[PDB]
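A look at the structure
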Amino acid sequence: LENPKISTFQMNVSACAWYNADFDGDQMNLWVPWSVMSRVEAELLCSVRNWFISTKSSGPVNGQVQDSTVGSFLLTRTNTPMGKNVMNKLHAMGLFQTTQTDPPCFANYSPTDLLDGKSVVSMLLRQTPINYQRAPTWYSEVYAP
Amino acid sequence: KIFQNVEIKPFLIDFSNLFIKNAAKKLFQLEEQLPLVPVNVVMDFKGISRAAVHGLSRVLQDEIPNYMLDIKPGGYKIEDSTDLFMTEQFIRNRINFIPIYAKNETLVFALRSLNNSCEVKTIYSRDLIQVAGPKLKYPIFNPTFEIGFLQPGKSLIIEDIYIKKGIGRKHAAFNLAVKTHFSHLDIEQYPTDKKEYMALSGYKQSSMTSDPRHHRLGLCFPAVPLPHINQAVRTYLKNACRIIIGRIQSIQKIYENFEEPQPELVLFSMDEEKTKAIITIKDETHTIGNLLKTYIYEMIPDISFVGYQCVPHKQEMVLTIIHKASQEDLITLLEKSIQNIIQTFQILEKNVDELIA
Amino acid sequence: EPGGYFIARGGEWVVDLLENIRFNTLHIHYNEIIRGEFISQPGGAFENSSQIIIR
Amino acid sequence: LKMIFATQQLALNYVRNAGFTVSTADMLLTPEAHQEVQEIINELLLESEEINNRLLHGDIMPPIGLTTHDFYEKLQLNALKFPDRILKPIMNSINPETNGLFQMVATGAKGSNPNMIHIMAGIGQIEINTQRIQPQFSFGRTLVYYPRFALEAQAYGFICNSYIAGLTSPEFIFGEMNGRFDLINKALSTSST
Amino acid sequence: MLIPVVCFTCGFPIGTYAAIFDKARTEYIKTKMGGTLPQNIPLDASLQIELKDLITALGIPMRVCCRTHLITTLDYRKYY
Amino acid sequence: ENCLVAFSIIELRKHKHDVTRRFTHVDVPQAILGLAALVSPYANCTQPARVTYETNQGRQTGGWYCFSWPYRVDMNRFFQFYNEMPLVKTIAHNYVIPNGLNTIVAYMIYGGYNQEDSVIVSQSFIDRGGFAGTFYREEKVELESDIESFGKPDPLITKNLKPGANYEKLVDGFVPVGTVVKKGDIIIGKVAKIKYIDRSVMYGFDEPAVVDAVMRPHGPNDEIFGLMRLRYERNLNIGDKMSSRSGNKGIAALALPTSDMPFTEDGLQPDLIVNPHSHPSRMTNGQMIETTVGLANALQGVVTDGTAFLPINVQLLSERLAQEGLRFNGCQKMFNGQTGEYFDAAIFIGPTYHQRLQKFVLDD
Amino acid sequence: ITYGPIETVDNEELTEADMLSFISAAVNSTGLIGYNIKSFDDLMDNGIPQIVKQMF
Amino acid sequence: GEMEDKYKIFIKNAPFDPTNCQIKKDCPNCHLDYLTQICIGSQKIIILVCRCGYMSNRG
Ligand SMILES: [Mg+2]
Ligand SMILES: [Zn+2]
Ligand SMILES: [Zn+2]
């Protein structure tokens, strides 16, 4: 961080599950390996991708927390209070201008063509095609009546 | 005529209020209006994108060169500033945020205050005396700011108070206009006093699909001379336009160097028919990035991708374009987009001169 | 400032309000299976106190 | 990990155009739905009073193994539980399509149904060590506010008020007792393990 | 230690009216109380006088932030 | 233990003709709380553990820590320039000076930088002095009786000078008051007769200070010792902890310029953007009621009393908003400052009293 | 002392904000830090001479 | 057992302790409108005592 006015260690909110950390005033240690051997095993052994699956519970550790959970709901929600949950080509493109992936192709879309929220998510999930079918947390038999 | 219907209205003191009248009379012998008043300006724009109108608003807020009063290093005389509570940090922050309407940088002021009485004495801005520069025929600030206060026996001497130039994006003491209104006049609205709609914004179109091209923008300028209101406001608007044009023209001298190896323009041939352009500009903001994206998109409706990013921790704007033409054709289209931006803002400045009398 | 503090070695110190046990009262708690203690004080807040334990 | 970040930006870039907020009016019941909650709570207290009137006539006979005290408290603990229908007046007051407090809870982003009930409808019975408030203020009083051998449910930690309505002094104290237990157990979290 | 030169939130010059607003405010409250001892005027009752029209007469807009910072800022000359 | 106390006068009036519940005394409910807990407004509408959190965090707040600070040489003490009476005050502010500001807080998701107990701050709010003050450290260096003395050491006749340090700043043994001391600078000269060994003092801190006041007083044994007061110009910056009176503490994570912050249709923009997800589990409802009440106080021109255990009605407090020209929920049409696009949702924004907790990132 | 009849006291208009004046009076008489100085005054008036003289 | 000596003093003092729970039930001895209810022991024995000396369960 080349801004001289920042003194904090900054990290993504989805990485806090590894350290059981939050941003209420927690402090964390950081050291940079200077040796070649210590530098190799940092990158090959101790990279945080190795702790994505828990050793304790064999399940995943990371995912969306609090804003990408409620924001992924709103994005893939079928109906908005304004009617159908759609966006034009410009706003569909603008969802991807930050993901740091390769941008999708929107060439087969006029400026007035509307894209569903699921259509935009499918553009991103096509890189790693998976098969999934469960009921969401949204559907609760408590709220159904 | 891209924009019409400017409405200019200064913020005046009401001396029909007896309490305000008496307080002004026996504090500053003030029976008239202050030499510098705030001015509210509301302008209607028609046939223009909100990228352009909001870029103009952002520039007028904190991306236009502005002037403040600063203290030169060592100008705060720790020797004869015997007062203990009026620290240099407190008084410097007080003086930086006094709004000024200055016409040259040469003016230098000084503050020499002595408390030789038995009561705490308040230091106002009428105690700042001009020591260098041509004599002011009109004040550059109001004389009613409470700069500080002195305990009995203490003093405050500050020398070398000069006029510093900057932009409010770097330090807020250079902010110019405060936001007072923004709306789109071509989008219909709900009655949001009803509890059926009180959770929605009020507009009848989602912002994901709406493309408004008729706007009303109201900004308040904090210190403008009373006999020159129209002359000041007009100037401000023109400068805003020009600032944008200048920045746009900088990108304009990058596209033309797409043959030379340049660090701010990177071109790829993704396939045998696709081309990717990446423009990285340091210390740019959402103003230029959004203008560029919007006008590139209007020039090329069937563009494969146009996007931009101003990450806060990187201090740069990165604009990515992916299109189904060659580098020659893509650069031609980019130059056309920039020429359209410059033409839009030249039209805006011409209409500024045509409207404000 | 209300005051109510001490200055020692140039620093400012406060004597803590101490949560002590009431005197002249029998306190019962649980080889030795019960314990009844008593800290008598002969009158006044500064006199010496003699503790007695009935086990 | 690369896809968590990428779907995080789609989610965050959507909300920067859709907006998301929570207000004080997201936590407020309709006057009609406020009466529905008071009816439900009076049913809880009426069923709690029926047990006490059985205690007055000595009609409470425990099973083989339990004493009269522990059978009486088990009857009270279960008679003062919020029915599942308590969410009818909560869900009648809110619009799930716009209410931000509901959407944080319903999507699993933050919060839970008891949190929504406590804020909006009522807190109910305070249980400490799966037990009510035990009289520790001199032999049959839980607080100085309630008489000795008080039979009302309020005397032992039943809070009829929601947070949005404002607790009273006895209800605040009982909730303070409940909260202090959790802090102490969380303090034993570090040391014991 | 004083009412700020500009609003902390938006930057409107609230300080150019601060001094007047102080003195006027004091006089206004003395009109609504009716000549009472400075201690016999309870603090909680002096703050319930509506200053909306006075601030409007100063020429200050109806912004939440500006009026918040103008009304609630503590003066150090009254605490020392 | 011989008393039967009615918890309030409302309870006593309820049982006025009740011969089966005869009270000995009647209580005033606010009496069950301390002075720090009475700072929090509508504290009975918050889950009480957060009231405990505030009682821990209220004393941690910066402000006017004393009215004689220029006459002191303190260690790690913070003086905050600007302080405000809360728009919704309580009885505790009849007896303690408030130390905070009535920040305009927007309760909204804005880019993901306020996630998990972080806030987005206005850089303009920071530049104008919001939660800005000065930080003070002290130094106490003594001498020996005719063995050691103060004075600018000379490298020729003094041994073991500290390596790579700056000795030039000294005048008559001390750096003059008003100059910037750096990392490695020598701040008190000191020579010791045995020829000499250099027991000088160096400034080992990351941020440069300024000599605020230096003095040569006498110790208990009537010996001259060096006393230096070091001051720091502390703005709010990224990593500093804020907190409301309900105990919702958070670290400043991002600072945006004026033109990047969100703004309502009327131009109102926040100083802090706090995540809505900090509310539902913490159940800090008194902060939301405070914003609702304080939003109409500002337009009305009044400061009202929000003491705990007073009768409140959030339905009537929300109608007070609609009578003042706002919406019932206190939410407004708001625009994205970066793009100029309106959110498809009214945003809850209004004045909430916030405090700066004295946990500075530069110290840690 | 024979106090007046309790059935003829007017309190039906006592608001819960009227009851905060009792807390005001209690804090004003008590003082925020009230006992800490009374203890020291008794120590410097009745405490130290008795402990010095009548103890050793 | 209880009611006899484990709580005899408390039971006899109950009609005078002001912190005891009163019950709206008439008295047979002195014809008083209210009685004092005490619930002692783990069997939760209920006793209605009166200032006149009345006591249920033949006391
Ligand atoms: Mg933490
Ligand atoms: Zn403002
Ligand atoms: Zn009887």
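Residues numbered from 1 in each chain as written, not as in the entry; some residues may be left out. Chains lettered and ligands numbered in written order. Part of a larger assembly, values for the part shown. Heavy atoms only, no water.

Structure determination for this entry is recorded as cryo-EM, at 2.67 Å resolution.

Things to note about the overall build of chain D
To keep it simple, the criterion reads: Secondary structure follows DSSP: runs of H or I at least 4 residues long count as helices, runs of E at least 2 residues long count as strands, and numbering of each begins at the N terminus. Radius of gyration means the value over C-alpha atoms here, while the globule rule gives 2.2 Å times the residue count to the 0.38 power. Categorising residues by exposure relies on relative accessible area from a 1.4 Å probe, with only protein chains included: less than 20% of the type maximum marks a residue as buried, more than 50% marks it as exposed, and the intermediate range marks it as partly exposed. Any two residues having at least one pair of non-hydrogen atoms within 4.5 Å are treated as being in contact. Reported accessibility uses the Shrake-Rupley method at a 1.4 Å probe radius. Residues are deemed covered only where the shown protein chains occlude them. Think of it this way: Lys and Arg go in the positive column, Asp and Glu in the negative one, and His and the chain ends go nowhere. Charge positions come from single atoms, namely NZ of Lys, CZ of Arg, CG of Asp or CD of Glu.
Along chain D, the regular secondary structure elements total seven helices and two strands. Each helix and strand of chain D, ordered N terminal to C terminal, gives the series α-α-α-α-α-α-β-β-α. Taking 193 residues into account, the globule formula puts the C-alpha radius of gyration at 16 Å, and chain D, at 21 Å, lies well above it. The buried share among the 193 residues of chain D stands at 57%. The long-range share in chain D, meaning contacts at least 24 apart out of those at least 6 apart in sequence, stands at 66%. About 8,100 Å² of surface is accessible on chain D, with carbon and sulfur atoms providing 54% of the total. Counting 13 positive and 18 negative side-chain charges, chain D places the averaged centre of each group 10 Å from the other.

Here we look at the interface of chain F and chain D
Basically, it comes down to this: Buried area is calculated as the accessible area (1.4 Å probe) missing from two parts once they are joined, with the contributions of both summed. The term salt bridge refers to a pairing of a side-chain nitrogen on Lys or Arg with a carboxyl oxygen on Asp or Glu at a separation within 4 Å. The definition of a polar contact used here is a pair of N or O atoms within 3.5 Å, where within protein one atom must be able to donate a hydrogen and the other to accept one, and adjacent residues in sequence count solely through side-chain atom pairs.
At the junction of the two partners, chain F supplies 54 residues and chain D supplies 46 residues. Across the chain F to chain D interface the summed buried area is about 4,300 Å²; carbon plus sulfur atoms make up 62%. Of all residues in chain F, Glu1, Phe7 and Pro48 of chain F give up the largest surface area on contact with chain D, accounting jointly for 13% of the area buried on that side. If you look at where chain F meets chain D, you find one salt bridge. Joining chain F to chain D, the criterion identifies 13 residue pairs in polar contact. Counting residues per element, the ones that place at least two in the side of chain F that touches chain D are β1 (5-6), α2 (48-58), α4 (285-300), α5 (314-323) and β24 (347-356) of chain F.

What about the coordination of the zinc ion (ligand 3)?
Residue and element names in this part refer to chain H. Selection rule: Sites may look incomplete because water is not among the atoms; the donors themselves are N, O and S atoms within 2.8 Å of the metal, or within 3.2 Å for Na, K and Ca. Angular criteria define each label, namely tetrahedral for four donors with all angles between 85 and 135 degrees, square planar for four and octahedral for six donors with opposite donors over 155 degrees apart and remaining angles between 65 and 115, and irregular for whatever fails these tests.
Looking at the zinc ion (ligand 3), the protein donor atoms are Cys27 (SG), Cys30 (SG), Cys50 (SG) and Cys52 (SG), and they sit 2.3 Å from it. Around the zinc ion (ligand 3), the four donor atoms are arranged such that angles at the metal cover 105 to 113°; this shape is classified as tetrahedral. Within one chain, the residues donating to the zinc ion (ligand 3) are spaced in sequence as C-x2-C-x19-C-x1-C. Taken together, the positions of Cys30 in the loop between β1 (21-23) and β2 (35-40) and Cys50 in the segment after β3 (45-49) put the pair 20 residues apart, joining distant regions of the chain.

Quick look at empty space enclosed by the protein
A water-sized probe, rolled over the atoms, reveals where empty space remains. Residue and element names in this part refer to chain B. Under the convention used in this document: Of the grid points, spaced at 1 Å and generated over the protein atoms alone, those admitting a 1.4 Å probe that cannot get out make up cavities, while open sets with protein on both sides within 12 Å along at least five of seven lines make up pockets; any residue with an atom within 4 Å of a point is treated as lining. Grid points are joined across faces, edges and corners, and a volume is the space filled by probe spheres set on the points. Each residue gets one of three labels, nonpolar for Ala, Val, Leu, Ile, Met, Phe, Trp, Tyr, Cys and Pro, charged for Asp, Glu, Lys and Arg, and polar for the others, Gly among them.
The computed volume of the largest cavity comes to approximately 230 Å³. Around the largest cavity sit 20 residues that line it, and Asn66, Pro99, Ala173, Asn175 and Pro222 are the ones nearest its centre. Those elements giving two or more residues to the lining of the largest cavity turn out to be β3 (66-71) and β10 (214-225). Looking at side-chain class alone, the lining of the largest cavity contains 15 nonpolar, four polar and one charged residues. Estimates place the volume of the second largest cavity at around 140 Å³. Across the lining of the second largest cavity, the residue classes break down as four nonpolar, nine polar and two charged.

A closer look at the coordination of the magnesium ion (ligand 1)
Distances from the magnesium ion (ligand 1) to its protein donors, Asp22 of chain A (OD), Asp24 of chain A (OD), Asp26 of chain A (OD) and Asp26 of chain A (OD), fall at 1.9 to 2.7 Å. Counting along the primary sequence, the residues that act as donors to the magnesium ion (ligand 1) give the motif D-x1-D-x1-D.

Re the interface of chain D and chain B
Taken residue by residue, the interface counts five residues in chain D and five residues in chain B. For the chain D and chain B pair, buried surface summed over both sides reaches about 360 Å², with 69% attributable to carbon and sulfur atoms. When the buried surface of chain D facing chain B is broken down by residue, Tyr14, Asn17 and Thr98 of chain D rank first, second and third, together holding 85% of it. Put simply, chain D and chain B have zero salt bridges between them. Linking chain D with chain B are one residue pair in polar contact. Partitioning the side of chain D that touches chain B into residue classes produces three nonpolar, two polar and no charged.

Some remarks on the side chain of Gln89 of chain B
Secondary-structure assignment places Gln89 of chain B in helix α3 (residues 88-96). Here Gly133 of chain F takes part through its backbone oxygen, which lies 3.3 Å from a polar atom of the side chain of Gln89 of chain B. If we ignore the near neighbours within four places in the chain, the residues touching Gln89 of chain B are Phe81, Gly133, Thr134, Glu233 and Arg234 of chain F.

Quick look at the sheet that holds strand β16 (residues 226-234) of chain F
How we decide: In short, DSSP must find at least two bridges between two strands for them to pair.
Ordered by their spatial adjacency, five strands build an open sheet running β3-β7-β16-β15-β10 (chain F), and the pairing between neighbours is antiparallel. Every interior strand has two partners, whereas the edge strands, β3 (77-80) and β10 (180-181) of chain F, have only one.

Things to note about a negative patch on the surface
The line we're drawing: Excluding any residue in a salt bridge, patches collect residues exceeding 30% relative accessible area, merging like charges within 9 Å and nonpolar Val, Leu, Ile, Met, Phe, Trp and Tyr side chains within 5 Å.
Together, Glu256, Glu259, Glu260, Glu328 and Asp329 of chain B make up a negatively charged patch on the protein surface. Locating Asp329 of chain B in the fold gives a position in helix α6 (residues 327-355).

As for the pairing of strand β4 (residues 108-114) of chain B
Residue and element names in this part refer to chain B. Burial analysis of β4 places five of its seven residues in the buried class, the great majority of the element. Pairing analysis gives four bridges linking β4 to strand β6 (residues 128-132), with the strands arranged antiparallel. Paired with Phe109 across the bridge in β6 is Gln130. Here six bridges tie β4 to strand β8 (residues 155-166), and the two strands are oriented antiparallel to one another.

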